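S.K.: This one's experimental. Sequence and coordinates below.
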Amino acid sequence: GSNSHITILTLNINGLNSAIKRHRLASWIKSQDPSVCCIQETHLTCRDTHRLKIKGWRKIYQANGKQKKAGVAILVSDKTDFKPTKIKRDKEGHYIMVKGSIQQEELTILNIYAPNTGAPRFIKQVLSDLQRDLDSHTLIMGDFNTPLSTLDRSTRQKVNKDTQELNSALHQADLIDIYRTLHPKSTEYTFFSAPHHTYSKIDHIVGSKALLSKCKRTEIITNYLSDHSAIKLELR
Ligand SMILES: O=S([O-])[O-]
């Protein structure tokens, strides 16, 4: 039935330098119809950001480096009135935060692409740097390049000390893994590693514990676009 929920989607797209990949992405976004879309690994340089244009999604905020490497973007649908108050872009293109409100209701979105190496330490550092901005209306999403619990890997291997430290930091900031909270017994994955034939959930949606009761539904979406599956959160 008709309602005022928003949907926030996160996808690591694995590059957007070829025109067709941009149209395939535009088609997929059009079909998913997210209020807000967090994309990682655009691989667009700070010179080439204007290449990313998606009909229906005219408001776009990007953080990019100088190389065809990393690159993150937050796209807001034309049907969504997100009045921003603050946009903080990583100079190296690994995260972007936008803060603002929809419907008089405040919302802080942090889109992160952690490096393959040192990911859990990287994410903890970003949280600390942004501590004053990450309030009780926060969603953090993206490709953390790490599991957060044992169920996030097919190996069932315990998570390392740096990941344990990351989880402590999340808890100190009143943040929780929304997907794992809604689906505690889930053994779904977003990424397949062919070298070891293993599967992992390295893409996450984390948020303020205060937003828990607003989190209606969250799901993983397989796709032909990328080597990562998307995740979608429906928020009251
Ligand atoms: O598109 S506006 O939010 O700068």
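M.R.: Nice, thanks for sending it over. Numbers count the residues shown, from 1 in each chain.
S.K.: Name the residues that touch the longest helix along the chain?
M.R.: As assigned by DSSP state H, the longest helix anywhere in the chain is helix 19-32. With C-beta atoms under 8 Å, 6 or more residues apart in numbering as the test, helix 19-32 has contacts from 7, 9, 13, 15-16, 37, 39, 51-52, 54-57, 75, 221, 223-225, 230, 232. The way it works is simple: take the backbone N, C-alpha and C, and place the C-beta from them, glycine included.
S.K.: Now restrict the residues you listed to buried residues only.
M.R.: Among the contacts of helix 19-32, those classed as buried by 16 or more other C-beta atoms under 10 Å are 7, 9, 13, 15-16, 37, 39, 52, 54, 57, 75, 225, 230, 232.
S.K.: Report the two of those residues separated the most.
M.R.: Spanning the widest gap among the buried ones among the contacts of helix 19-32 are 7 and 15, at 24.2 Å by C-beta to C-beta.
S.K.: in which helix or strand would I find residue 217?
M.R.: strand 215-221 (DSSP states H and E).
S.K.: which parts of that strand are buried?
M.R.: 215, 218, 220.
S.K.: Report the beta-bridge partners for residue 142.
M.R.: residue 112, residue 204 (DSSP bridges).
S.K.: Pull the number of nearby residues for it.
M.R.: 28 (other C-beta atoms under 10 Å).
S.K.: measure it to residue 205 for me?
M.R.: 9 Å (C-beta to C-beta, to the nearest Å).
S.K.: Pull up the overlap in contacts between the two.
M.R.: Common neighbours of residue 142 and residue 205 (C-beta under 8 Å, 6+ apart) are residue 10.
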